[PDB]
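Chains A, B and K, in that order, are what the protein sequence lines are. What the first sequence shows, in the deposited numbering, is residues 2 to 34, 61 to 439, in sequence order. What the second sequence shows, in the deposited numbering, is residues 2 to 44, 47 to 360, 369 to 437, in sequence order. What the third sequence shows, in the deposited numbering, is residues 10 to 48, 69 to 357, in sequence order. Don't be surprised by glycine CBs; every beta carbon is placed ideally from N, CA and C. Notes follow the structure.
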Amino acid sequence: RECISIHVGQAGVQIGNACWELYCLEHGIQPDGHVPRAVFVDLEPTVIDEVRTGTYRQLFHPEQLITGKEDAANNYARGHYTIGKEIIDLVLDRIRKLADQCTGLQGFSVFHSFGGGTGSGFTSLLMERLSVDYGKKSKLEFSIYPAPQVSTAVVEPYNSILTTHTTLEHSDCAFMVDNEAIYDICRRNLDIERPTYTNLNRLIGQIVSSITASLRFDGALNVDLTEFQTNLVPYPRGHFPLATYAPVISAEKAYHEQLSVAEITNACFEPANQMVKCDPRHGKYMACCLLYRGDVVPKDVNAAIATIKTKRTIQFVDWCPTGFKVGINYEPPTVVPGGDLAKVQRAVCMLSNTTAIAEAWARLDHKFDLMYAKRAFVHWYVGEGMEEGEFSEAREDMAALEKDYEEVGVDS
Amino acid sequence: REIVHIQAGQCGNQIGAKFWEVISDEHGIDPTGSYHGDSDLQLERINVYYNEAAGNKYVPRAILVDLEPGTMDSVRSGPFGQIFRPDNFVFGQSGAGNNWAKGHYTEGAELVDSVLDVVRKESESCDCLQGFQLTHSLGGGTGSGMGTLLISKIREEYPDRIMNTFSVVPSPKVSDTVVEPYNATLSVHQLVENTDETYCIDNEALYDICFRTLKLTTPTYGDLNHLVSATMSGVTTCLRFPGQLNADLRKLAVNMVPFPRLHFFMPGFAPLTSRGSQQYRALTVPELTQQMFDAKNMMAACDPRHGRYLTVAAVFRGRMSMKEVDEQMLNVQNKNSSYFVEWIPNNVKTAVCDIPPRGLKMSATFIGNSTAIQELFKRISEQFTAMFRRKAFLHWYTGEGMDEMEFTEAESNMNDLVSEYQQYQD
Amino acid sequence: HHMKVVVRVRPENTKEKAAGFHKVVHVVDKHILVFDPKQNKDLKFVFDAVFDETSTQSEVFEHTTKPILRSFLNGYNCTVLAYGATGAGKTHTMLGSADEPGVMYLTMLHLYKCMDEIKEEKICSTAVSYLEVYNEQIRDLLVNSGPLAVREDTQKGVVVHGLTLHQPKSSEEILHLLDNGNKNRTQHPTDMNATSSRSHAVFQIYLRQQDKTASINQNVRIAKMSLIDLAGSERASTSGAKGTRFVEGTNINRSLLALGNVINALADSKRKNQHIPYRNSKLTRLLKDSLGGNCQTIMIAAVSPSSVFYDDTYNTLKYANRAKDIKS
Ligand SMILES: CC(=O)O[C@H]1C(=O)[C@@]2(C)[C@H]([C@H](OC(=O)c3ccccc3)[C@]3(O)C[C@H](OC(=O)[C@H](O)[C@@H](NC(=O)c4ccccc4)c4ccccc4)C(C)=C1C3(C)C)[C@]1(OC(C)=O)CO[C@@H]1C[C@@H]2O
Ligand SMILES: Nc1nc2c(ncn2[C@@H]2O[C@H](COP(=O)(O)OP(=O)(O)OP(=O)(O)O)[C@@H](O)[C@H]2O)c(=O)[nH]1
Ligand SMILES: Nc1nc2c(ncn2[C@@H]2O[C@H](COP(=O)(O)OP(=O)(O)O)[C@@H](O)[C@H]2O)c(=O)[nH]1
Ligand SMILES: [Mg+2]
Ligand SMILES: [Zn+2]
């Protein structure tokens, strides 16, 4: 029934504070109500301290807030091996203490930021130790993969080719939200050249609410978490659908709000609205889980999708007749009281596996090689209990992820 | 996390008074007084530089290493001079002779054990140590000789904790000493092989940046030092604040050193406007990157326009959009694709604190690892050979128990260090 | 010229045979092994020569060492690198008992005859060193002292003026006792009793050749032959010890990274310049002369058919492959 969550890395914790904010906000549970159902991990105290100092302060137990006062380090190795090791036991202990207290759970919604130190490396082993301790569950990891041109860390690809290879054999379904391709939504679909990180987090904080929150909530067409990985992954690679939201309208500027289903659904497949710089440049969809919420007639959907199934410029995979999981919820979305989000009475949080990430992975893999080709910042991981092995042998890993996402599509 | 500053020599000392003059106001610490802090955030992280004893007396956790009494006796007899616990003053009333050999082998070598004693009292303070800040000049006895020894010992006691070095590399045009390249070539040698982050500052690169970028007509030393101390506060202490994307000495190290030599950077501050008039507030952000990435405004002597970058770290500290930050950095990376090296897809390390330098709206420290600093260790290494050939003032070194092979060693090492840095300019 | 690379697969012990696990390496022929697993890459790799399990200490020695003796006589620097995982065969190939003389004793016996033959044609004199490398420190094995101060020659070239190689040998007997002291002298972590690792270490011979007619003086041939027993890398995850074991393993890996930068650089510098950074480590600095121009070099990668050797062998072979592969 339930789904724990493990917000790892500063960013996975900032997004975590935001997804966690939107929750109580649509459940009538002010600052001090019930009890959360998650944990927070970081090797930099000052960030989890922002959850201990700032808003939502007493909504957590100091027991679901793990910190390693030591050092974060923007390197996978250190955060996986060397340092992040010391904390893992303690970390696990909470996702085994919080996993026991419940009643027949379904999995752990992991929140991490691919190209970090604590977000790449640590989670790599956290998810690692989970796939063994609870191989009988769901492991849906919600990632914030590397911006396509606007990366931060100098090494980013080293950290994100290493979180992918280690988690790949361990996740069930990896949601992906690209940090930069969200900013385009903040520029183009909301109008603001002032997007604080606090906003991208409200936005993932929205799409995510559509995933767990409202879907684990009753509705006219409920969709369990297992339902996702079933209806969403064609193959055992921990396949990485993309998140998209529909009524991303501005709560100030334009106002057509009343944008019946027939519109909000078409607004998902336009590439300028998908929280991912994986514009459907060729990538055939292979399965989409259209989660609706609010006032939606099942015929409006079983027609608004029918129109789409016959657009053909949306080309689905060959071996897939029908790849449209319609999930209908009741309660409309719930916007921040005065952020910048419109506030409609219906939305579409469509997510999907697309052959499109054949790109995004390629462009992120090629990055890695350019630096590994010169060893760049290699001495920073080797000196942290890694080897020429784990790099070169995690490169070969994703190589068969460029071929996998090529073979499962492009061919008939 | 924590650090323990080190005031080696007079210059590194004189600067210590300016580094601590600043930082303390950036932390509301009056002379012996406590946290008057205008806020409450300038205190949750102070531990990085201080210690709890009384309850109003957070003492700076530095070391004052000098063979010349009158110096530390000017820093201790002036303004904030009465905040250092007397235990910090590791004096050497000996002759502080201007010889690198006199402060590294003969006269400094005695005072060292009475230093290491305290560097351990302060490291074993509490919590977890990060590293040590080191200030000094590469142009004197107590600076380049004794201060380079202090580190060669520190890096044997804690090869885990980092080592930032703030060196006052010998300024080109005029040398404020004569043997200068001797004291220098010999300390850079030790630096390339112990510290792992160096921030080289030039008394004349400052004068320029302080007489034309501040219309300041009478740039006293107190000013140069003040400007420098403004950067080393945007580096360390700063990132020991919150931020949308914070780093810390390691992130700065682990993003900025592609190759283990250590590599030396070139710091640059952001809002560098003359007082009254120029308070243009053209600080939206494109104005800070405009600033930091120009030639002039690099506290180094060399001009970045003369050589690629390997890494950059714009350590901003002032509320700004993670879009207009992460964006600007890009166009900067593409307008100047020429000088930025290519085998690093993203040279730049964007870093973003929240709280800005007390009285300002928005700043950003710049920490450039350009290959342009090749054209300085060249300079130093030249001045060496031109005089080493004739053994100029060498009898002051050998006559202090030195070696004719020791000078050879350092020059060649630091001269190879030039070579290597070119391997990436190409 | 090029550095030679070879691989040696050991033979599974009895205990592993009982396990009867799948074989990760298959040797097709003298030149080429295949990397498993077979129901992967399935990339065949061609070496020059493969050493079987079968080869004891006669065959291994003679093949690799014999062509270095010819370059030895030239008096160009020769070098042999021996690698191995724990239980790879490390001792067996390099040494064995007196009973089955491996490379070292057969160099000692054959090259002792080499000293006899060479000495006859030109008077020769030889000495040998056993140097270590622990915590980035050189320690003479024959006397433990503080590490040698490093200096450079005027042109270039790193020297340790801690050079000693304490005592030369008139015959086999003296060296044999030194070999007992060798294992003790190397600084090892308190490992399992079965496994023992050096920190990092080497061995050197010194050739100074003078014609019979020529004095000492006049042109001399100077050769050095270095025989290297590289240490193994550590893993943080495998080790779990870390701490002092962590620091030693980081130091080994940094010396290994510098060597590998020179190695790949050497292949590129077949089209190369000064670019090859010898300076990156003390090992590579010691080796400045020896990796060498037209020096002769060989790498012996030791590996096992063992199951644990699966990872270790695959990683080392990929790297060995990179020495043959890497071109711009
Ligand atoms: C009325 C007003 O706004 O005055 C400003 C001011 O006029 C200007 C010109 C300041 C002024 O700085 C200088 O004139 C200066 C003098 C010697 C060396 C270097 C600089 C200022 O003195 C400096 C002072 O800086 C700070 O308060 C920061 O917190 C800074 N503090 C110190 O350097 C410091 C000075 C004395 C005692 C203790 C600390 C800082 C910067 C980085 C990291 C930590 C602290 C500021 C904003 C001003 C005055 C007061 C006029 C400027 O410098 C800085 C570092 O902010 C010079 O260009 C900038 C732009 C500022 O607008
Ligand atoms: N959407 C979103 N992305 C974020 C946020 N914070 C950081 N990121 C992104 O995630 C990456 C940053 O990871 P870091 O903050 O450096 O590191 P970390 O993963 O927290 O772990 P460490 O490296 O050990 O500190 C960059 O690609 C950022 O653009 C956030 O609040 N929201
Ligand atoms: N920026 C700066 N440079 C200084 C200061 N004092 C001396 N210097 C520089 O340091 C060099 C001289 O070395 P010095 O500090 O006297 O050596 P020491 O005192 O014997 O260790 C010259 O290049 C000076 O310009 C100072 O307070 N600030
Ligand atoms: Mg962090
Ligand atoms: Zn309307």
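Close-in-space but distant-in-sequence residues of the same chain around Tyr339/K (CB under 6 Å, 5 per side omitted): If we look at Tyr339/K and ignore the five residues flanking it on each side, its Cβ neighbours are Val33.
Proximity test, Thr409/B beta-carbon vs ligand 4 heavy atom, cut-off 7 Å: no
Cβ pair count under 8 Å reaching 3, the region 177 to 197 of chain B against the region 417 to 424 of chain B: yes
Cβ of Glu196/B within 8 Å of any chain A Cβ: With 8 Å as the cut-off, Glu196/B does not count as an interface residue toward chain A.
Euclidean distance between Cα positions of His8/A and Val179/K: 51 Å
Continuous alpha helix (DSSP H) assignments of at least 4 residues falling wholly in the region 276 to 360 of chain B: 289 to 295, 325 to 338
Min CB distance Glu97/A to chain B below 8 Å: Yes, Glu97/A lies at the interface with chain B (some Cβ there is under 8 Å from its Cβ).
Cβ pair count under 8 Å reaching 3, the region 197 to 205 of chain A against the region 412 to 431 of chain A: no
Simplified DSSP state of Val257/B, which is helix, strand or coil: Correct three-state label for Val257/B: helix.
Bridge-paired residues (DSSP) for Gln301/A: Within the DSSP secondary-structure output, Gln301/A pairs in no beta bridge.
Residues near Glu150/K by beta carbon distance below 6 Å, same chain, minus five either side: none
As assigned by DSSP and simplified to three states, the class of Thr190/A: helix
In DSSP terms, what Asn206/B is bridged to: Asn206/B pairs with nothing; no bridge assigned.
Secondary structure, beta strand (DSSP E): runs of 3+ residues fully inside the region 131 to 211 of chain B: 134 to 140, 165 to 171, 200 to 202
Option in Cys20/A, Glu423/A, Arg402/A, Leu259/A with minimal Cα separation from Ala294/K: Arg402/A
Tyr210/A and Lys326/B closer than 8 Å at C-beta: yes
Interfacial residues, the region 403 to 417 of chain A to chain K, with Cβ spacing under 8 Å: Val405, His406, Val409, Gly410, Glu411, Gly412, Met413, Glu414, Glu415, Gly416
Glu279/A Cβ short of 7 Å to ligand 5 heavy atom set: no
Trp346/A burial status per 10 Å Cβ neighbour count (16 or more: buried): Result: exposed.
Euclidean distance between Cα positions of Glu393/B and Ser430/B: 14 Å
Chain-ordered residues of the region 257 to 268 of chain K with a beta carbon less than 9 Å from chain A: Answer in chain order: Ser262, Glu263, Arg264, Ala265, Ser266, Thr267, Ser268.
Inside the region 354 to 412 of chain A only - beta strand (DSSP E) runs reaching at least 3 residues: Restricted to the region 354 to 412 of chain A, the beta strand (DSSP E) segments that are unbroken, complete and at least 3 residues in length are 373 to 381, listed in chain order.
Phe296/A to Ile335/A span [Cα, whole Å]: 9 Å
Inter-residue Cα distance where the pair is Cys4/A and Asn380/A: 22 Å
Check: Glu284/A C-beta below 7 Å from any heavy atom of ligand 5: yes
Cβ shell of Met295/B (< 7 Å), same chain only, five flanking positions each side left out: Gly271, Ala273, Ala317, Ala375, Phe377
For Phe149/A, three-class secondary structure by DSSP: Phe149/A falls in the helix class under three-state DSSP.
Paired residues, beta bridge with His8/A - DSSP: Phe67/A, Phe138/A
In chain order, each beta strand (DSSP E) run of at least 3 residues that lies wholly inside the region 128 to 200 of chain K: 153 to 158, 179 to 181, 187 to 189
Chain A contact for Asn246/K (CB, 8 Å cutoff): no
C-beta atoms of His195/K and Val162/K nearer than 8 Å: No; because the gap between Cβ atoms is not below 8 Å, this pair is not in contact.
Whole-angstrom C-beta distance between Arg311/B and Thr382/B, which should lie under 8 Å: 5 Å
Residues proximal to ligand 4 by C-beta, any heavy atom closer than 5 Å: Those satisfying the condition are, in chain order, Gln11/A, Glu71/A, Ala99/A.
Element boundaries [alpha helix (DSSP H), containing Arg214/A]: From DSSP, the alpha helix (DSSP H) with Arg214/A extends over 206 to 215.
Strand pairing of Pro270/B, partner residues [DSSP]: DSSP output for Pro270/B lists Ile378/B as bridge partner(s).
Given 8 Å, three or more beta-carbon pairs between the region 122 to 139 of chain B and the region 94 to 105 of chain B: no
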